[PDB]
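Here is the structure we will look at, set down as structure tokens.
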Amino acid sequence: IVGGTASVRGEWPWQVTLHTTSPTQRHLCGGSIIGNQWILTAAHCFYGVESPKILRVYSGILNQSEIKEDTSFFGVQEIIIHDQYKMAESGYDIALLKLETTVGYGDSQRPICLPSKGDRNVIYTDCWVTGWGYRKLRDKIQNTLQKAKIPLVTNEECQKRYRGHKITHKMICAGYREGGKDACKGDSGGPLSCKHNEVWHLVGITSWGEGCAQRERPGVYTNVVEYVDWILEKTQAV
Ligand SMILES: NC[C@H]1CC[C@H](C(=O)N[C@@H](Cc2ccccc2)c2cc(-c3ccc4[nH]nc(O)c4c3)ccn2)CC1
């Protein structure tokens, strides 16, 4: 996160750090708890990941330093990538991780609500992007979870900022015209959380952008409301 501040412990209890074990243990992406055995993240996080065996999901973490070999984690049973996904820039950048065990809900870990179909018309004015990603283009993964309040931008406005790309309605953008606050490397897969009627909703999944917090280059996110039926399809399978 560029231009953000340290989160308070338990502030984003749906936020997870997805670690890889191959070749060495490192943070790979962010993600969101959406169900007791379900993590919602970005499909691009899995480039070259040949097996769910190498993945470790850590919930209830504020600081990366809390993670040692003795730290409990959730194993991944299945990686479910949208079947239309080719690359982040073309959309369908959404994936589900089915966990091997159930997340026990509490004050350190709980799910975020998905947007409602009727809420495609609501205007979100209180949106926050979180993660352990870089604070500048060339940096390192941050210890403490960072947060930044970002205004949502219309698809028309986002399309002007991305000449040569096709900003679809399955994408949602967020940023300040002058830059300064944005998601950066290592934040991808994480949430874009919006509070409306005292309830937080998973509005976006950090996906892509041209650089980090640049003027007239808003962050591009998977528009979660457009995938509620695909999520229910995969999570509510008989
Ligand atoms: N302004 C809007 C934003 C939107 C989000 C974008 C983003 O985050 N893209 C991802 C794409 C990806 C590539 C490979 C794996 C997973 C995701 C990314 C992540 C990293 C990364 C990840 C883990 C790491 N661990 N240690 C590291 O140093 C480190 C660096 C580096 C480079 N790109 C940046 C622009």
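Ligands are numbered from 1 in the order shown, residues from 1 within each chain, and chains are lettered A, B, ... in the order they appear in the structure tokens.
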
For this session: Tell me, as an NGL selection string, which residues lie within 8 Å of residue 92 in chain A, counting only C-alpha atoms; anything in the same chain fewer than 4 positions away does not count.
Result: :A and (43 or 82 or 84-88 or 170 or 222)

Can I get the selection written as an mmCIF file, in the first residue's frame, with N, CA and C atoms?
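For reference, part-v2.cif as written:
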```cif
data_model
loop_
_atom_site.group_PDB
_atom_site.id
_atom_site.type_symbol
_atom_site.label_atom_id
_atom_site.label_comp_id
_atom_site.auth_asym_id
_atom_site.auth_seq_id
_atom_site.Cartn_x
_atom_site.Cartn_y
_atom_site.Cartn_z
ATOM 1 N N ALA A 43 -7.009 -14.589 -9.311
ATOM 2 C CA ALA A 43 -6.534 -15.708 -10.111
ATOM 3 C C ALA A 43 -5.067 -15.550 -10.498
ATOM 4 N N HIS A 82 -11.456 -18.781 -12.017
ATOM 5 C CA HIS A 82 -12.528 -18.569 -12.994
ATOM 6 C C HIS A 82 -12.070 -19.151 -14.345
ATOM 7 N N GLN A 84 -12.764 -18.475 -17.399
ATOM 8 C CA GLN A 84 -12.624 -17.478 -18.469
ATOM 9 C C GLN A 84 -11.381 -16.637 -18.264
ATOM 10 N N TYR A 85 -10.712 -16.781 -17.114
ATOM 11 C CA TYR A 85 -9.497 -16.033 -16.783
ATOM 12 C C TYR A 85 -8.339 -16.358 -17.722
ATOM 13 N N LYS A 86 -7.704 -15.323 -18.276
ATOM 14 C CA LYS A 86 -6.495 -15.410 -19.100
ATOM 15 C C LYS A 86 -5.396 -14.601 -18.424
ATOM 16 N N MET A 87 -5.704 -13.351 -18.062
ATOM 17 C CA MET A 87 -4.770 -12.428 -17.414
ATOM 18 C C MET A 87 -5.547 -11.366 -16.679
ATOM 19 N N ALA A 88 -4.931 -10.744 -15.650
ATOM 20 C CA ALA A 88 -5.538 -9.682 -14.830
ATOM 21 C C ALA A 88 -6.130 -8.558 -15.673
ATOM 22 N N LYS A 170 -17.077 -5.639 -15.368
ATOM 23 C CA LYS A 170 -16.636 -6.656 -14.407
ATOM 24 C C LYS A 170 -15.354 -6.172 -13.673
ATOM 25 N N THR A 222 -11.224 -6.385 -9.398
ATOM 26 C CA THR A 222 -12.277 -7.284 -9.881
ATOM 27 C C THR A 222 -13.555 -6.761 -9.198
#
```

Exercise. In range 62-119 of chain A, what's strand (DSSP E or B) per DSSP? Answer as an NGL selection string?
Worked result: :A and (63 or 74-81 or 95-99 or 113)

For this session: Could I get the residue neighbourhood of ligand 1 at 8 Å, counting only C-alpha atoms and all ligand atoms, as a ChimeraX atom specification?
Result: /A:26-29,44-47,133-134,139-141,182-189,206-214,217-221

Exercise. Skipping near chain neighbours, those fewer than 4 positions away, what residues fall within 8 Å of residue 128 in chain A using only C-alpha atoms, listed as a list in words?
Worked result: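 Close residues of residue 128 in chain A: residues 147, 148, 149, 150, 192, 193 and 194 of chain A.
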
For this session: Mind checking which residues fall within 8 Å of residue 132 in chain A, counting only C-alpha atoms, ignoring those fewer than 4 positions away in the same chain, and posting them as number ranges by chain?
Result: A: 1, 30, 141-146, 186-187

Problem set entry | Contact residues around residue 61 in chain A with only C-alpha atoms at 9 Å, ignoring same-chain residues under 4 positions, as number ranges by chain | A: 9-10, 13, 15-17, 66-67, 108-109, 144-145

Once you have the residues from the selection above, write them out as a PDB file, in the first residue's frame, restricted to N, CA, C and O atoms.
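And here's out.pdb as it stands now:
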```pdb
ATOM      1  N   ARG A   9      -4.950  -3.943  15.241  1.00  0.00           N
ATOM      2  CA  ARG A   9      -5.259  -5.372  15.278  1.00  0.00           C
ATOM      3  C   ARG A   9      -6.791  -5.549  15.347  1.00  0.00           C
ATOM      4  O   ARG A   9      -7.470  -4.810  16.074  1.00  0.00           O
ATOM      5  N   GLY A  10      -7.309  -6.441  14.494  1.00  0.00           N
ATOM      6  CA  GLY A  10      -8.725  -6.768  14.354  1.00  0.00           C
ATOM      7  C   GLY A  10      -9.538  -5.810  13.518  1.00  0.00           C
ATOM      8  O   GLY A  10     -10.762  -5.942  13.442  1.00  0.00           O
ATOM      9  N   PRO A  13     -10.733  -8.039   9.937  1.00  0.00           N
ATOM     10  CA  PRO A  13     -10.625  -9.453  10.338  1.00  0.00           C
ATOM     11  C   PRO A  13     -10.831 -10.482   9.212  1.00  0.00           C
ATOM     12  O   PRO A  13     -10.479 -11.653   9.385  1.00  0.00           O
ATOM     13  N   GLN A  15      -9.218 -10.036   6.307  1.00  0.00           N
ATOM     14  CA  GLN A  15      -7.933 -10.009   5.598  1.00  0.00           C
ATOM     15  C   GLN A  15      -7.028 -11.180   5.949  1.00  0.00           C
ATOM     16  O   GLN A  15      -6.763 -11.446   7.116  1.00  0.00           O
ATOM     17  N   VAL A  16      -6.530 -11.868   4.923  1.00  0.00           N
ATOM     18  CA  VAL A  16      -5.590 -12.972   5.104  1.00  0.00           C
ATOM     19  C   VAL A  16      -4.314 -12.712   4.321  1.00  0.00           C
ATOM     20  O   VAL A  16      -4.303 -11.908   3.397  1.00  0.00           O
ATOM     21  N   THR A  17      -3.230 -13.345   4.740  1.00  0.00           N
ATOM     22  CA  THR A  17      -1.958 -13.361   4.026  1.00  0.00           C
ATOM     23  C   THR A  17      -1.796 -14.782   3.496  1.00  0.00           C
ATOM     24  O   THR A  17      -1.885 -15.754   4.259  1.00  0.00           O
ATOM     25  N   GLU A  66       4.561 -12.308  13.072  1.00  0.00           N
ATOM     26  CA  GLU A  66       3.772 -13.269  13.865  1.00  0.00           C
ATOM     27  C   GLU A  66       3.895 -14.665  13.270  1.00  0.00           C
ATOM     28  O   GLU A  66       3.576 -15.657  13.939  1.00  0.00           O
ATOM     29  N   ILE A  67       4.314 -14.741  11.993  1.00  0.00           N
ATOM     30  CA  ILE A  67       4.443 -16.002  11.265  1.00  0.00           C
ATOM     31  C   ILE A  67       5.810 -16.624  11.440  1.00  0.00           C
ATOM     32  O   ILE A  67       6.808 -16.086  10.979  1.00  0.00           O
ATOM     33  N   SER A 108     -10.638 -11.833  15.919  1.00  0.00           N
ATOM     34  CA  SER A 108      -9.449 -11.740  15.044  1.00  0.00           C
ATOM     35  C   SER A 108      -9.677 -12.235  13.604  1.00  0.00           C
ATOM     36  O   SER A 108      -8.851 -11.954  12.731  1.00  0.00           O
ATOM     37  N   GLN A 109     -10.752 -13.014  13.362  1.00  0.00           N
ATOM     38  CA  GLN A 109     -11.034 -13.596  12.048  1.00  0.00           C
ATOM     39  C   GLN A 109     -12.510 -13.864  11.879  1.00  0.00           C
ATOM     40  O   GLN A 109     -13.122 -14.594  12.665  1.00  0.00           O
ATOM     41  N   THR A 144       3.622  -4.775   9.011  1.00  0.00           N
ATOM     42  CA  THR A 144       2.291  -4.401   9.497  1.00  0.00           C
ATOM     43  C   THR A 144       1.327  -4.161   8.364  1.00  0.00           C
ATOM     44  O   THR A 144       1.669  -3.462   7.400  1.00  0.00           O
ATOM     45  N   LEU A 145       0.091  -4.686   8.512  1.00  0.00           N
ATOM     46  CA  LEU A 145      -0.994  -4.499   7.554  1.00  0.00           C
ATOM     47  C   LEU A 145      -1.272  -3.011   7.396  1.00  0.00           C
ATOM     48  O   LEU A 145      -1.512  -2.332   8.396  1.00  0.00           O
TER      49      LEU A 145
END
```
